[PDB]
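Taken one at a time, structure 1 and structure 2 that follow are two forms of one protein chain, written as structure tokens.
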Structure 1
């Protein structure tokens, strides 16, 4: 699963290798011949007999892990404390596995978390925050303490430790001081305490709150003893205020003396500079990221106790972050009409698209402009600018048919558009100037123009056209989107292998509408991957959706035949929006059932190459500049020692990230019949990342997944209905 395509690059991850020394990890069944009901008693029963086993016993209740050999059958005996029965524990061997085998992970992680606890770090949520090494700005009584999450996972290269920083901000005024401010200003502002995360400094707990009561238990005594006495036992705390109100969480009661508010204070948020000063600390370059990681590692290295509880199991962290070599995929060549160019070092070619002509640019001779009374001049200016820039892009635009809206009410907009569309019957496009952040009007316009009557339509908000010195850019982008929405073609990229049909899918999960689960589907119907065919499937049950997907695939193939006179031999499906857990299921059942529709056509044997693309990953990559770390260049692929051990996949950094750590994307290949080399699939996915006709530049996922998400969003959020058939021959949804 390795290949050579470009110049190597000496990267570095936020990963720390764990060296397993022995080969002794032994699973054991535990059972009891008399019945013991209490889990705690089973733990104690193991505890008293630990001498024979050793002190490295890890026990969850039914299976035991031990790094030293025992006899196959081990029989020990003891007495119960409750029933006084002769409890006879039996322990038996299970199997023998390598110390890095993906099955002994979930208690190795417990070992590491204990090692952190020995280093005096709190356990908020799932992160470790170090209180002492904190920075106090004190501008609004604010101290930010840092922290870093750390988890041990297994990859093809072995046991690695993924560690990454996350900063948390705290004040130094207690909530009691704020309550005193509320009292003196004059419980008027106690209402803001709702939804406020509160903290205990020593951090034995974190909390959230809903309301506060004033006189329930200020001077009272808690259940067994005085309030102050129990808080003295817990924290050894003396309370300044005797009549402190009491906070209510759900019913649990919390206190204001030790309750410190968290997050950015609401008044700070308004402050621009302050918010800018805080973002300076929160946001980190690779240099400070690596510095914090090295601080963690040195902290563990210096304490002998952390090392001893580590090395009881034979493990040992290294002294430096993992260093990997990954290759830089070569640069692509983007095609235009009469001209073509190799992309720049930052992977962005906005100027080239606008200066030079596009591939196909059908003329515009009949179009209608709908604006309200309050936007006369700007609208007119816009039209002039839209004419002035038309020539370089390579379009012929005639003056629009002006329509003046008497008001902003949506009925007038809809009625006027419908009337003009009906009478003329040749309006190739509708342009609407919306007067404000009016969502209902946008939805109504798109519905009228995409289901009831088939005209492509573009909307231009008044704010965007309002600003001169930026009108040229907005005119350029609006006109390019208009050209795309009419079946035009902006730019293209060569494909080296012959006779492929790239398909993509992605899903829109409804937040509230009973899981409609609209799924996009974009499949090329041209040899140059330039003309796209798009459908939408409105099916809620996951079992039922595959039937409609089969219908979609056969229809797409039929149109491919009817427009090219020869079916393709290879199919590549960039499935998306699939969780890691569902991946196996998608590889087992959904893919073969989707494949089974190919029996509808005779003597047709394709070769599918199915991917799954998940954007969210937690590994970062740093380029090794000689004196610090910098941000990795776009177009870097790594498949060594960080990829998984059952699939064939790779991590790709495609887009241009301005500052900080870079986040690649993961390409699981869950079926491969065409026998493509890893180099070929890697380069092909990088080529497909360049073919998004809305943002001139490089994107994260391949273009078909981006298009399917856009179509699903439009059809499920805006239209709530399937679009018309005649529009689906073009990229109507941009």
Structure 2
């Protein structure tokens, strides 16, 4: 493994588990005659709990024990109803190590029992403590603390991963929300109530079970009956809840699920609070915890487990013993890179942020702007004028030459007026390089119309600027510089670069966009390089339409990218590096076994072309946290920290990278898993190439979480899936029009 970097003393949120047993014995059971119910099998195995011992993990046909029984054992048992004799035979199958891959499930069951005996409650998959709820009465909210905990196996052994998680609950019932909407709205209250109810998840506090309501029933009432018994008697018998008023509607969830609203409480952060800033600033102050508080919470959980004798007894029945502190590993801090502009290059500073340097000095490639149009409304003449003025002053240091725009004043802020004016100027003047539009307020339909026209119907680059951004006089130079850089990227310019250390290399990045209603046309983006310096990009989009498979179209994208690379370079790439992002944890085998070999066959179209290839799988939603071990307490790790041991997977070759700057909280790295390495790349070269590619995002002067092409593909898929609903025009795919 790699050895380049500074040795950084790191701490983890993982607690090591020591196994005191020597082996775990797997047995198979047979029933004669046959018995189908699992409960009956457990009852017979419970009569046979004797002999077999009192520590059992039985799932229906496979039995796990910690005691070595004979090779074959026969037992006779009494059937409950027929009063018959049933023979149960238990036979050894194989001997597993305590830290084996097949022991994880029933170990997780044991740990669920352990945490349940600590008075904790299970909502979803995490364990929350409702007695320590923290009430924001100013907002009528409750924050329930808890942990997401699971036992896993890694190269370094058996570990328990625990992460602090908070749940948001509403103090008021959903019936109270219904009454409020009925109060402030008289006629349209049904539609608004349905709109609020559908997306939101709901719980029931008497049983702490979560349902996702999709519809609301208006006709039935608690007085009615259901599968024959009534709701009121049912609830007053099972729980004795005295219902105050019985005129309420019902709630319908479909996987029927019929719930009452007085007994139902919504979840999730409120919709209104997201737009508020003071509210979210306070909630962020309360929820996100520093590394010191996170470690304190983990230590508190461990202390709580240790001080409880029954919880520890449930673990030591299998010879397991949690340690008294988190696991401390050693990571490496990777060396920094040189960011190159046209005439100067700078050592990236310790902050991994270079916003000033880009604005000060010139870019690799600049496209002169001589013919461009500015479409501004009646009430933004002044600010718009001011904007243009600054665009002329800031342009010189960057090295851009911009002429005055073609001023077009829109007589009214109607969407059709915008579209007609833009189309008319497009038709009359065929030379306009860029259309800049100024919009009043928040209008998403206008944005959709503008981008649909400029990207699909008529292929011209477009930019949208909101009046609030350019209205504030104090912040206009800085925003003008970023706007001009974005326009330069859209025209086909090149801003900065890094020194790529492998020759004849082509980088491909993919990412997948899923609709919030995921049963839709899922979009897969594709961004590849067509330049030796990795500054030009060829981008395509493919859709998951029914009755065909996506890999077939990915082949067309790959072969087209190869042809464009040949046009630019008069050769074909020796090494092709593919960054596959967006795949879940349960499809790694599917991607590695099927998709990558399928793509590899497209290369036969070019005669006698066998490229070396490295394929990665990128995962962002990991639950591992890193801490830096300062002499005083736990702080944020430095950007650029790599971990390649003691938490990696034992099946693949993989590593964890932290490349961005965490302003507050514990760092969450990115997991890179290599499924194909035909090029025989050393691990260190893989790590440093990924870290370099994290610097090539031209829409943010600084390092990002994922490689640049993955982010570009994600942005293209998002644009093509939500805003455009259609493939972009082929003419625009040569440049990064989608920024």
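Under this definition, the rigid core comprises the largest set of C-alpha atoms superposing within 1.5 Å between the forms. Positions refer to the first chain, counted from 1.
### Message
Given a cut-off of 2 Å on Cα movement between structure 1 and structure 2, rigid core as reference, pick the single residue from 690, 683, 700, 42 that exceeds or meets it.
### Response
The residue that shifts is 42.
### Query
Is residue 530 one of the residues whose Cα moves 2 Å or more between structure 1 and structure 2, with the core superposed?
Result for residue 530: no, shift under 2 Å.
### Message
Tell me whether residue 135 is among the residues that move between structure 1 and structure 2 (Cα shift of 2 angstroms or more, core superposed).
### Response
Yes.
### Message
So, superposing on the core, is the move of residue 391 at the CA at least 2 angstroms between structure 1 and structure 2?
### Response
No, because once the rigid core is superposed, the C-alpha of residue 391 moves less than 2 Å between structure 1 and structure 2.
### Query
By how many angstrom is the CA atom of residue 275 displaced between structure 1 and structure 2 after fitting on the core?
After core superposition, the C-alpha of residue 275 moves 7.0 Å between structure 1 and structure 2.
### Message
Looking at residue 583, what is the CA displacement between structure 1 and structure 2 after core superposition, in angstrom?
### Response
So the C-alpha of this residue moves 1.1 Å.
### Task
Give the C-alpha shift of residue 211 between structure 1 and structure 2, in Å, after superposing the two forms on their rigid core.
So the C-alpha of this residue moves 13.2 Å.
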